[PDB]
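S.K.: I have a structure here, written as structure tokens, and I will follow up with some questions on it.
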Number of protein chains: 2
Amino acid sequence: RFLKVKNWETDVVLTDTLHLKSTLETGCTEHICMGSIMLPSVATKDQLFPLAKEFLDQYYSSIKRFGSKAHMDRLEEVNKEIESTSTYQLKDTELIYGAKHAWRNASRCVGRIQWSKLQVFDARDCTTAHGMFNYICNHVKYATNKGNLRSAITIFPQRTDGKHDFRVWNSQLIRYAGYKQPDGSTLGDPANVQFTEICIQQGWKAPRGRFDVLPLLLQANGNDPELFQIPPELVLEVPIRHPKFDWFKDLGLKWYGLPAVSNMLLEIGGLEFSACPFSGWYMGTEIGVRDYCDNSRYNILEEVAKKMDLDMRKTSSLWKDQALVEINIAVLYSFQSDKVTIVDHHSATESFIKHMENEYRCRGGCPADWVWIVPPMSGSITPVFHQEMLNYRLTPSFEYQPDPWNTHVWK
Amino acid sequence: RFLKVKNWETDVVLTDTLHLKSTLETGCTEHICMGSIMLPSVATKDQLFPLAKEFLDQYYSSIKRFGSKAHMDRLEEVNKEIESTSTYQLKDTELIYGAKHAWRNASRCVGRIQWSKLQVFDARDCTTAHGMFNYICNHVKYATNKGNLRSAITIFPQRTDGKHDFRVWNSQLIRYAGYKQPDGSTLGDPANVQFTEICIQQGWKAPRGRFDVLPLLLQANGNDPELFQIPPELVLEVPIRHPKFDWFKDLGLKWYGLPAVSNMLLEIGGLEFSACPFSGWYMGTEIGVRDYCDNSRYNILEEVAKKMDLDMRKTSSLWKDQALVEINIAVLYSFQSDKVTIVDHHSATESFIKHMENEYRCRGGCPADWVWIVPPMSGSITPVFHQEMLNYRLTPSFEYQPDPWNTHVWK
Ligand code: HEM
Ligand code: HEM
Ligand SMILES: C[C@H](O)[C@H](O)[C@H]1CNc2nc(N)[nH]c(=O)c2N1
Ligand SMILES: C[C@H](O)[C@H](O)[C@H]1CNc2nc(N)[nH]c(=O)c2N1
Ligand SMILES: Cc1cc(N)nc(CCCN2CC(F)(F)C2)c1
Ligand SMILES: Cc1cc(N)nc(CCCN2CC(F)(F)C2)c1
Ligand SMILES: [Zn+2]
């Protein structure tokens with residue numbers, strides 16, 4: 001009831017009692033562990049008040065005014081509005097608290113040491129896709145800050161009935177296009193090949209190349225989504241060069257500075273925000289390892305090995321490993337030489353251990369998903385490999401949600 | 001009740017029903033996942049027959065003689081012996097089946113594609129530590145096979161009362177010594193520093209160097225353990241050289257060929273074999289990544305980076321990553337040039353996916369621990385990173401057990 005997690009590199013032990021507050025289910029049972037399953041899995045007025053109460057109790061118990069008169073009135077105020085409207089609206093302060101704690105509770109995120117430095121943009125007055133585009137453009141501009149990246153989230157109106165949903169259809173605000181070829185292979189990013197074709201379906205004019213920034217597909221109040229192009233001056237890009245290999249420029253790779261997830265659902269006090277694009281800065285491995293070297297992504301281990309003069313005949317020459325380190329030295333070096341914020345997986349994972357210690361002390365725990373926290377290269381030379389982690393589901397939270405083109409009732 | 005695991009690199013799906021046969025508990029609950037906890041946690045005659053029955057049912061249902069007369073007599077035969085003796089003895093065939101399936105069920109093992117090619121040595125007639133040494137020496141000789149390594153296990157008498165236990169006190173049959181210094185630092189292997197001092201306590205004469213093979217500490221029928229030196233001609237060693245860097249020989253590293261775990265417990269039909277040393281061959285990363293580059297092991301990233309001419313000032317130069325690839329190219333290259341069996345993490349993890357497909361088809365599943373299957377470097381460029389895995393506990397099994405010096409009643 002007071003579980004211990006050990007670090008086996010430092011012998012440091014920490015005690016978790018935060019997991020007691022946990023509410024949702026993980027997927028695992030007493031007899032099966034599902035910690036390597038990727039995506040394991042309308043609202044009525046009865047369900048809503050315990051969720052509002054639970055949330056309001058921790059918000060006021062965090063501004064040191066637990067259960068006071070100011071609390072109990074807000075508790076009464078929300079109850080009455082859930083009676084009247086069968087839903088309710090968050091105060092601006094409650095929205096900012098909820099958002100920051102959805103990120104704080106995100107067990108799959110290695111960057112949460114920054115969770116309280118989050119800029120919250122309140123777009124709950126938005127009504128059209130054009131307003132969404134406008135809000136999103138101001139988000140991109142603000143978070144990018146000329147390469148001195150700043151963390152941010154923009155929150156569109158909450159789900160009401162279910163058939164009037166705000167959705168950003170892109171999985172990220174800035175992604176490169178993916179075109180399959182007549183000869184079967186793929187130009188650009190294979191991940192987005194279906195999304196690239198949805199944009200052409202609704203009317204996009206593709207400049208069929210490699211790193212073509214996709215347009216936004218924005219759905220407002222359930223209406224069919226509409227295409228908008230981010231002004232290119234707002235899409236900051238880093239050309240990737242190596243600090244040794246001058247042929248590396250000829251590879252002709254580049255990446256966008258701003259990681260901005262737009263397909264997830266923010267849950268606050270039982271309210272569901274179906275469009276809540278949120279952005280930080282990249283850990284280098286996300287680009288250099290997964291984006292560039294995943295077999296079903298850009299898949300560049302082939303060509304980088306070639307130009308490095310590598311023994312590619314044998315599996316056990318580790319040519320794949322060797323070209324992979326060089327690629328991530330190049331991503332890092334390019335971002336820093338351009339004053340574009342980026343963190344290496346050693347600095348990020350050390351910061352997360354430091355974050356874990358802060359959380360266990362002044363919070364009694366830190367939900368953490370080892371499968372996702374450990375970086376996708378050099379796992380055991382980073383301190384998170386050696387750190388036991390309890391995973392559990394706290395609210396407020398970011399949740400996955402179906403792709404909107406499978407669920408929308410089109411017209 | 002018929003769960004699906006997906007591979008996200010190939011989109012291949014497999015259905016698990018083997019997990020239904022699972023019996024033991026994992027540590028996880030509906031509300032907490034413990035898949036990154038390292039070690040999560042006398043026998044009476046009532047408990048013993050269901051365990052014997054369960055085991056005998058699957059043994060006969062595997063030689064295509066489920067529930068026949070030959071089965072039901074053995075079922076009756078064991079019941080009567082559990083009445084008579086409050087325990088029982090396995091047939092030689094049952095011992096070999098049980099052992100091979102303990103390995104087959106070992107969810108943390110990436111090498112299980114070889115599980116049916118296991119050589120079982122029956123040491124249940126052993127009575128003294130000298131007999132144990134003799135059995136163990138024949139095990140080392142057989143499994144090493146002049147570098148053409150062969151998988152093997154030696155099974156000493158089963159636990160009876162609890163105070164008459166056979167134990168190998170070494171955690172592995174062949175390990176290097178670890179000496180702390182007066183100036184605090186460590187020569188040899190820091191993992192074994194306490195065990196190195198237990199040997200000196202019982203009378204070992206340490207040649208205080210680096211790669212000093214430790215002696216065996218063998219406990220027989222609960223008696224205090226005794227020291228024995230493996231004849232050095234039976235300890236095959238690989239000197240580690242690089243196929244580019246001739247200064248790499250000057251590093252003066254070497255490793256033993258034979259990975260042989262000796263501190264675990266083999267459970268078969270509810271019988272407990274407290275001494276069951278088992279050996280295979282190395283995956284290169286176990287040496288080059290964990291043994292050599294763990295901070296609290298040999299910790300050689302420091303010196304390899306130096307001689308490579310590396311930017312060691314900054315964290316984000318990835319000097320640690322770069323020296324790590326070279327070290328594992330050297331481990332691999334040395335073992336193969338000496339005709340000593342070794343597998344690279346690309347070949348081993350591809351073989352394990354292939355193994356998983358075989359298991360899901362002709363067995364309905366494969367218990368697998370992602371946290372341990374994914375190699376400790378280059379995780380996502382190997383196919384196991386992208387493969388969902390269900391972890392569950394099947395029997396027969398290898399289980400962890402306390403170190404014998406914490407539990408023994410000495411005299
Ligand atoms: C500030 C810099 C940040 C860094 C360095 C960082 C790092 C990461 C990384 C490496 C992942 C794994 C993503 C993947 O492998 O696909 C991740 C996941 C995640 N991050 Fe963070 N992150 C940052 C900011 C944020 C912010 C500002 C939020 C929310 C407001 C956030 C919420 C999440 C969530 C919900 C996930 C899970 C995504 C999923 O499950 O698909 N992160 N983060
Ligand atoms: C044949 C070549 C083999 C290879 C390449 C191999 C590979 C591995 C690796 C890399 C690990 C993780 C160990 C670690 O990181 O400390 C492991 C664990 C394990 N292996 Fe295998 N193995 C082999 C043979 C065997 C055999 C013959 C058995 C049993 C008869 C076995 C049973 C186990 C067990 C029980 C574990 C878990 C150890 C623990 O939890 O501490 N392995 N194996
Ligand atoms: C099968 C496995 O769950 C899947 O590949 C996960 C593994 N861990 C991950 N970790 C991170 N950070 N990102 C990912 O996409 C994944 N993918
Ligand atoms: C904290 C974590 O459970 C621990 O470091 C594990 C991680 N995965 C591992 N995987 C393997 N193969 N071997 C290990 O020793 C470990 N250690
Ligand atoms: C805010 C943020 C920062 C960062 N550094 N990284 C991410 C994750 C990028 C997208 N990930 C693919 C997925 F959908 F699984 C989530 C998000
Ligand atoms: C048979 C075998 C083969 C192999 N290739 N590797 C191992 C594991 C070596 C020891 N491991 C450290 C631990 F105790 F955790 C288990 C065992
Ligand atoms: Zn679990």
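Chains: A, B, ... in order of the structure tokens. Residues: from 1 per chain. Ligands: from 1, in order shown.
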Compile the contact shell of residue B:279 as a ChimeraX atom specification: residues with an atom at most 8 Å away, counting only C-alpha atoms, same-chain residues fewer than 2 positions apart removed.
M.R.: /B:143,151-153,258-261,277,281
S.K.: Find the spatial neighbours of stretch 323-327 of chain B, counting only C-alpha atoms, within a cut-off of 7 Å - ignore same-chain residues fewer than 2 positions away - and output them as a PDB file with N, CA, C and O atoms, in the first residue's frame.
M.R.:
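Writing the result to result_36.pdb gives the following:
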```
ATOM      1  N   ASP A 321      24.095   0.290 -36.199  1.00  0.00           N
ATOM      2  CA  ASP A 321      24.341   1.030 -34.964  1.00  0.00           C
ATOM      3  C   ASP A 321      25.258   2.211 -35.209  1.00  0.00           C
ATOM      4  O   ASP A 321      25.019   3.313 -34.701  1.00  0.00           O
ATOM      5  N   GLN A 322      26.316   1.992 -35.984  1.00  0.00           N
ATOM      6  CA  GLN A 322      27.339   3.012 -36.171  1.00  0.00           C
ATOM      7  C   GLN A 322      26.796   4.218 -36.928  1.00  0.00           C
ATOM      8  O   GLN A 322      27.066   5.365 -36.550  1.00  0.00           O
TER       9      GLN A 322
ATOM     10  N   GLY B 288      29.366  -6.143 -24.157  1.00  0.00           N
ATOM     11  CA  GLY B 288      29.867  -4.864 -24.631  1.00  0.00           C
ATOM     12  C   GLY B 288      29.111  -3.671 -24.079  1.00  0.00           C
ATOM     13  O   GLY B 288      29.664  -2.569 -23.981  1.00  0.00           O
ATOM     14  N   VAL B 289      27.859  -3.873 -23.679  1.00  0.00           N
ATOM     15  CA  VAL B 289      27.032  -2.757 -23.221  1.00  0.00           C
ATOM     16  C   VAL B 289      26.899  -2.778 -21.701  1.00  0.00           C
ATOM     17  O   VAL B 289      27.236  -1.799 -21.029  1.00  0.00           O
ATOM     18  N   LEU B 301      33.597   3.338 -20.859  1.00  0.00           N
ATOM     19  CA  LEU B 301      33.309   4.438 -21.786  1.00  0.00           C
ATOM     20  C   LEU B 301      34.329   5.559 -21.652  1.00  0.00           C
ATOM     21  O   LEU B 301      34.744   6.147 -22.656  1.00  0.00           O
ATOM     22  N   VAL B 304      37.748   4.351 -23.598  1.00  0.00           N
ATOM     23  CA  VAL B 304      37.566   4.122 -25.028  1.00  0.00           C
ATOM     24  C   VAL B 304      37.322   5.440 -25.756  1.00  0.00           C
ATOM     25  O   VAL B 304      37.816   5.653 -26.871  1.00  0.00           O
ATOM     26  N   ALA B 305      36.561   6.346 -25.141  1.00  0.00           N
ATOM     27  CA  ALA B 305      36.332   7.647 -25.755  1.00  0.00           C
ATOM     28  C   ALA B 305      37.644   8.396 -25.936  1.00  0.00           C
ATOM     29  O   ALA B 305      37.914   8.944 -27.010  1.00  0.00           O
ATOM     30  N   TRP B 319      29.501  11.327 -27.427  1.00  0.00           N
ATOM     31  CA  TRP B 319      30.726  10.542 -27.332  1.00  0.00           C
ATOM     32  C   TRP B 319      30.468   9.207 -26.647  1.00  0.00           C
ATOM     33  O   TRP B 319      31.066   8.193 -27.016  1.00  0.00           O
ATOM     34  N   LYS B 320      29.572   9.187 -25.656  1.00  0.00           N
ATOM     35  CA  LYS B 320      29.240   7.932 -24.985  1.00  0.00           C
ATOM     36  C   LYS B 320      28.637   6.935 -25.963  1.00  0.00           C
ATOM     37  O   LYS B 320      29.015   5.759 -25.981  1.00  0.00           O
ATOM     38  N   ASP B 321      27.690   7.394 -26.785  1.00  0.00           N
ATOM     39  CA  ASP B 321      27.063   6.522 -27.775  1.00  0.00           C
ATOM     40  C   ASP B 321      28.081   6.010 -28.774  1.00  0.00           C
ATOM     41  O   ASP B 321      28.079   4.824 -29.127  1.00  0.00           O
ATOM     42  N   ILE B 329      31.269  -3.712 -31.586  1.00  0.00           N
ATOM     43  CA  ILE B 329      31.835  -4.293 -32.802  1.00  0.00           C
ATOM     44  C   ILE B 329      33.052  -5.134 -32.442  1.00  0.00           C
ATOM     45  O   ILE B 329      33.312  -6.174 -33.059  1.00  0.00           O
ATOM     46  N   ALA B 330      33.779  -4.725 -31.398  1.00  0.00           N
ATOM     47  CA  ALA B 330      34.994  -5.409 -30.981  1.00  0.00           C
ATOM     48  C   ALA B 330      34.684  -6.717 -30.255  1.00  0.00           C
ATOM     49  O   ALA B 330      35.356  -7.728 -30.487  1.00  0.00           O
ATOM     50  N   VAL B 331      33.686  -6.718 -29.366  1.00  0.00           N
ATOM     51  CA  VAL B 331      33.287  -7.960 -28.710  1.00  0.00           C
ATOM     52  C   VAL B 331      32.886  -8.991 -29.754  1.00  0.00           C
ATOM     53  O   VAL B 331      33.401 -10.118 -29.774  1.00  0.00           O
TER      54      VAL B 331
END
```
S.K.: Which of stretch 222-402 of chain A counts as alpha helix (DSSP H) under DSSP, as a VMD selection string please?
M.R.: chain A and resid 284 to 285 292 to 293 301 to 307 319 to 337 345 to 362 370 to 373
S.K.: Write as a ChimeraX atom specification the residues around ligand 2, taking 9 Å as the cut-off and counting only C-alpha atoms and all ligand atoms.
M.R.: /B:38-39,99-115,117-120,149-153,259-261,264,266,276-286,290,342-345,348,372-376,397-400
S.K.: If you count only C-alpha atoms, which residues fall within 7 Å of stretch 124-134 of chain B, apart from same-chain ones fewer than 3 positions away, as a VMD selection string?
M.R.: chain B and resid 137 to 138 155 to 157 218 to 221 226 228
S.K.: Of the candidates A:175, A:365, A:9, A:4, which one gets nearest to ligand 4 if we count only C-alpha atoms and all ligand atoms?
M.R.: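 Closest candidate: A:9.
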S.K.: Provide the atom CA of residue A:89 to atom CA of residue A:136 distance in Å, to one decimal place.
M.R.: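 Distance reported for this atom pair: 22.0 Å.
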S.K.: Please produce, as a tab-separated table, a per-residue contact table for chain A versus chain B (criterion: any atom at most 8 Å away, only C-alpha atoms considered), showing the nearest atom pair and its distance in Å to one decimal, sorted by chain then residue number.
M.R.:
```
residue	atom	partner	partner_atom	distance
A:5	CA	B:37	CA	7.2
A:6	CA	B:37	CA	7.9
A:9	CA	B:296	CA	6.5
A:19	CA	B:32	CA	7.5
A:22	CA	B:31	CA	7.1
A:23	CA	B:31	CA	7.3
A:24	CA	B:31	CA	6.6
A:25	CA	B:31	CA	4.7
A:26	CA	B:31	CA	5.3
A:27	CA	B:30	CA	6.3
A:28	CA	B:30	CA	5.3
A:29	CA	B:29	CA	4.5
A:30	CA	B:29	CA	4.8
A:31	CA	B:25	CA	4.7
A:32	CA	B:392	CA	5.1
A:33	CA	B:391	CA	5.2
A:34	CA	B:390	CA	5.8
A:35	CA	B:35	CA	6.2
A:36	CA	B:388	CA	5.3
A:37	CA	B:388	CA	5.3
A:38	CA	B:388	CA	7.2
A:289	CA	B:380	CA	7.5
A:290	CA	B:380	CA	7.3
A:293	CA	B:381	CA	7.2
A:294	CA	B:381	CA	6.7
A:295	CA	B:9	CA	7.0
A:296	CA	B:9	CA	6.5
A:315	CA	B:346	CA	6.8
A:316	CA	B:344	CA	5.6
A:317	CA	B:329	CA	6.2
A:318	CA	B:329	CA	6.2
A:320	CA	B:381	CA	7.7
A:321	CA	B:378	CA	6.3
A:322	CA	B:325	CA	6.0
A:325	CA	B:322	CA	6.0
A:326	CA	B:322	CA	7.8
A:328	CA	B:318	CA	7.9
A:329	CA	B:317	CA	6.2
A:332	CA	B:316	CA	7.0
A:333	CA	B:317	CA	7.9
A:343	CA	B:316	CA	8.0
A:344	CA	B:316	CA	5.6
A:346	CA	B:315	CA	6.8
A:347	CA	B:315	CA	7.1
A:370	CA	B:36	CA	6.3
A:371	CA	B:371	CA	6.5
A:376	CA	B:379	CA	5.1
A:377	CA	B:378	CA	4.1
A:378	CA	B:377	CA	4.1
A:379	CA	B:376	CA	5.1
A:380	CA	B:376	CA	5.2
A:381	CA	B:294	CA	6.7
A:388	CA	B:37	CA	5.3
A:389	CA	B:36	CA	5.8
A:390	CA	B:34	CA	5.8
A:391	CA	B:33	CA	5.2
A:392	CA	B:32	CA	5.1
A:393	CA	B:31	CA	7.5
```
S.K.: I want to know what sits within 10 Å of stretch 75-81 of chain B, based on only C-alpha atoms, with residues of the same chain fewer than 2 positions away left out; could you give that as number ranges by chain?
M.R.: B: 45, 48-50, 52-54, 56-57, 67, 69-73, 83-90
S.K.: Please dump the current selection as a CSV table (one decimal), in the first residue's frame; keep C-alpha atoms.
M.R.:
```csv
chain,number,residue,atom,x,y,z
B,45,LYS,CA,1.7,-32.2,0.8
B,48,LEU,CA,1.9,-30.7,-4.2
B,49,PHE,CA,-0.6,-33.0,-6.0
B,50,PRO,CA,-2.4,-30.3,-8.1
B,52,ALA,CA,2.1,-32.6,-10.0
B,53,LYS,CA,-1.2,-33.4,-11.7
B,54,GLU,CA,-1.1,-30.1,-13.7
B,56,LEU,CA,1.9,-34.6,-15.6
B,57,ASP,CA,-1.2,-33.6,-17.6
B,67,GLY,CA,-5.2,-39.1,-20.1
B,69,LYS,CA,-3.7,-45.6,-19.1
B,70,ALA,CA,0.0,-44.8,-19.0
B,71,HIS,CA,-0.9,-41.4,-17.8
B,72,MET,CA,-3.5,-42.3,-15.2
B,73,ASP,CA,-1.2,-44.9,-13.6
B,83,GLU,CA,1.0,-39.8,0.4
B,84,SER,CA,3.9,-42.1,1.4
B,85,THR,CA,6.8,-39.5,1.3
B,86,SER,CA,5.0,-36.2,1.3
B,87,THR,CA,7.0,-35.5,-1.9
B,88,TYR,CA,7.9,-37.3,-5.2
B,89,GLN,CA,10.6,-38.0,-7.7
B,90,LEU,CA,10.5,-37.2,-11.5
```
S.K.: Output as a list in words all residues of stretch 85-201 of chain A that backbone DSSP marks as strand (DSSP E or B).
M.R.: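 Everything in stretch 85-201 of chain A that counts as strand (DSSP E or B) is residues 119, 120, 121, 122, 152, 153, 154, 155, 167, 168, 172, 176, 178, 179, 180, 186, 187 and 188 of chain A.
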S.K.: For residue A:195, which residue among A:248, A:176, A:410, A:211 is the nearest when counting only C-alpha atoms?
M.R.: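 The shortest atom-to-atom distance to residue A:195 comes from A:176.
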S.K.: Using only C-alpha atoms and all ligand atoms for the distances, tell me which of A:227, A:309, A:298, A:384 is nearest to ligand 4.
M.R.: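 Closest to ligand 4, using only C-alpha atoms and all ligand atoms: A:384.
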S.K.: Which distance in Å separates atom CA of residue A:364 and atom 10 (C, counted along the ligand's line) of ligand 5, to one decimal?
M.R.: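 These two atoms are separated by 28.2 Å.
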S.K.: As a list in words, please: the residues near residue B:207 (cut-off 12 Å, only C-alpha atoms, same-chain neighbours under 4 positions excluded).
M.R.: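 In the requested format, the answer is residues 176, 177, 178, 179, 187, 188, 196, 200, 211, 212, 213, 214 and 215 of chain B.
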S.K.: Let me make sure I understand: among A:189, A:122, A:246, A:224, which one has the smallest atom-to-atom distance to residue A:168 if we use only C-alpha atoms?
M.R.: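 Looking at the shortest contact to residue A:168, the residue is A:224.
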S.K.: So, with only C-alpha atoms and all ligand atoms as the atoms that count, which of B:163, B:13, B:404, B:247 lies closest to ligand 3?
M.R.: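 Selected residue with least distance to ligand 3: B:13.
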S.K.: Which of these, B:254, B:351, B:1, B:291, has the shortest distance to ligand 4 once you count only C-alpha atoms and all ligand atoms?
M.R.: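 Looking only at the distances to ligand 4, the closest residue turns out to be B:291.
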